[PDB]
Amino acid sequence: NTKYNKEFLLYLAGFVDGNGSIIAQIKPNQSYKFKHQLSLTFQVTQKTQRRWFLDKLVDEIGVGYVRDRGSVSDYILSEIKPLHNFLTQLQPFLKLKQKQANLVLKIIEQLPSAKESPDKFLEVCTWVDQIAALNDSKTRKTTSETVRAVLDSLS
């Protein structure tokens, strides 16, 4: 696990509080046992003329990548271990997104047990609902209730 410098973490926490997204999703996908994938993403978006800054984040954080979507680009970090390590170090300095960060860390820690039982999987999905509620969510479709119905129509 990479140990990050404190001044970098302080700066990045301010950047993330004002212009970062800590996202948790439940993605319908038939290849999974409970028919959904639990997905977590740390994202930093910038107008494409500033993509260089996002490329530099890839070098500084040491993981992740950047994708382009036209007028803007996004730094994306979704690998679970690196994400846990990064958010663990960043969270003490967050003022606006600390609760989302901690809920993501909680989810990551319970992923192994969530795979073992439908009731635990559903509980972890309610934590995803909690993150969405803290975020400025506007176009969400798959929720813990979507999952509850599927699990019931399976058992």
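All residue numbers are counted from 1 along the displayed sequence.
Engineer: Quick one: higher average CA temperature factor, 31 to 39 or 87 to 95?
Structural biologist: Here the higher of the two C-alpha B-factor means belongs to 31 to 39.
Engineer: Using only the Cα atoms and their B-factors as the entry lists them, report which of 133 to 141 and 8 to 16 averages higher.
Structural biologist: Looking at the recorded C-alpha B-factors, 133 to 141 comes out higher on average.
Engineer: Place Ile107 in the lowest, middle or highest third of its chain's C-alpha B-factors, as listed in the PDB entry.
Structural biologist: Answer is middle: the recorded C-alpha B-factor places it there.
Engineer: What third of the chain does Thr45 rank in for C-alpha temperature factor, lowest, middle or highest?
Structural biologist: Its C-alpha B-factor belongs to the lowest third of this chain's values.
Engineer: With respect to C-alpha B-factor, does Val58 fall in the lowest, middle or highest third of the chain as deposited?
Structural biologist: Within its chain, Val58 is a middle-third residue by C-alpha B-factor, going by the deposited values.
Engineer: For the chain shown, is the CA B-factor of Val128 in the lowest, middle or highest third of its modelled residues?
Structural biologist: Answer is middle: the recorded C-alpha B-factor places it there.
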